[PDB]
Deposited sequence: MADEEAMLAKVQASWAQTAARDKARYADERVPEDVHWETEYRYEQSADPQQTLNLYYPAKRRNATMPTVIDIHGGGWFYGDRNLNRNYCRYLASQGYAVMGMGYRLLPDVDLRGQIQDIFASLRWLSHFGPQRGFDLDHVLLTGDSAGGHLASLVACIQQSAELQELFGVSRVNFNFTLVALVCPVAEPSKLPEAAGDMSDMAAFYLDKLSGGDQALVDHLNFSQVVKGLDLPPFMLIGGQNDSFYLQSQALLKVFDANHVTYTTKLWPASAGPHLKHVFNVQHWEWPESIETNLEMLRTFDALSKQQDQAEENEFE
């Protein structure tokens, strides 16, 4: 299929831009990482994760951040968001970022299983190496944000656990921060031709499974669940700003607690797609990322106080 090759041509371009940016960009200081952990009994190189820490740990355990990278469900691996993970870690957090098998090798169910496996690995092995799993920030960008939004709902729902073939992990999400998410992929074709291409993504995500078709969008998996708070991050110059707008409507209709950090057009044309993940060193990226971490900390302090701890 030349639809497949065309999609893959587009991600190869992205790959060369990401590679060029990384070669140039300043790297965050004062961070250690531990790389390439297999999170299941499998040689698939996508079923691996990296862990990141401040080089100097002021406690034996630190609050946890778990990152799900983006790339349109067809692209990326555990190293794509390394500078962003390093940055957050440098702020005093233990950070996990996982790979997941890519479309079309898998469908959505396979990707959700990978992320849950990574989470379960972390529940078994994280705390002995510095992860405090009582305070956990789940975050993801673009397709990563889609995936994080679904993971948050699945973790709360016995029904969805069964449908997706995973079990609950033995920890909760203190906050779920979505960075320019595409939380409503069914809305892609109608929105900003290319519709043929957008139907192709949708088919590869569903794998023809009608249960996945009916559970691909955050609006489908949100219903009836009491969820952690969400934080929605992005800006008017995000090419999928339409998705962010739509998601607010859904949050509002479902009584989801959320906060925002949405950059206005007047803040500039540089504040594009996932700018705060791709360019950690920019002043606006520092502001955004620290505001997310502070929100996370404010929630974690409230939790400690409620729990008489």
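Novice: Ranges lacking C-alpha coordinates, please, mapped onto the deposited sequence and listed in sequence order.
Specialist: Sequence ranges with no C-alpha atoms are 1-4, 197, 315-317.
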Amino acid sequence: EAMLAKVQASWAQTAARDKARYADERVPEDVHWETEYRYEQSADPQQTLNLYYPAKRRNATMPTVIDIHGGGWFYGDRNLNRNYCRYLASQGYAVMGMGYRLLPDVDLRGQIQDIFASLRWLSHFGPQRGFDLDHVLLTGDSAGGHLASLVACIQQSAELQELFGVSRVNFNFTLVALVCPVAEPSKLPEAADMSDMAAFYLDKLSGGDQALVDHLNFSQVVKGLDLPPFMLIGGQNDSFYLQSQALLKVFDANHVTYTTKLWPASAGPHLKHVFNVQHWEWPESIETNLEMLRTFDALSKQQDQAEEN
From here on, numbers count along this sequence of modelled residues.
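Novice: Would 235-243 or 212-220 have the larger average of its C-alpha temperature factors, as given in the entry?
Specialist: On average, C-alpha B-factors are higher across 235-243.
Novice: Mean CA B-factor: is it higher for 96-104 or for 181-189?
Specialist: Comparing 96-104 with 181-189, the higher mean C-alpha B-factor belongs to 181-189.
Novice: Have a look at 199, 205, 85, 152 and flag the one whose Cα has the highest B-factor in the entry.
Specialist: Of the options given, 199 has the highest CA B-factor in the PDB entry.
Novice: According to the Cα B-factor stored in this entry, which of the following is highest: 270, 38, 56, 26?
Specialist: The record points to 56.
Novice: Lowest, middle or highest third: where is residue 288 by Cα B-factor in its chain?
Specialist: Ranked within chain, residue 288 CA B lands in the lowest tercile.
Novice: Place residue 195 in the lowest, middle or highest third of its chain's C-alpha B-factors, as listed in the PDB entry.
Specialist: It falls in the top third of the chain.
Novice: What third of the chain does residue 42 rank in for C-alpha temperature factor, lowest, middle or highest?
Specialist: Highest third of the chain for residue 42's C-alpha B-factor.
Novice: When the deposited Cα B-factors of this chain's modelled residues are ordered and cut into thirds, is residue 250 in the lowest, the middle or the highest one?
Specialist: Tercile = highest for this residue's CA B-factor.
Novice: Is residue 226 in the lowest, middle or highest third of its chain when residues are ranked by C-alpha B-factor?
Specialist: Ranked within chain, residue 226 CA B lands in the highest tercile.
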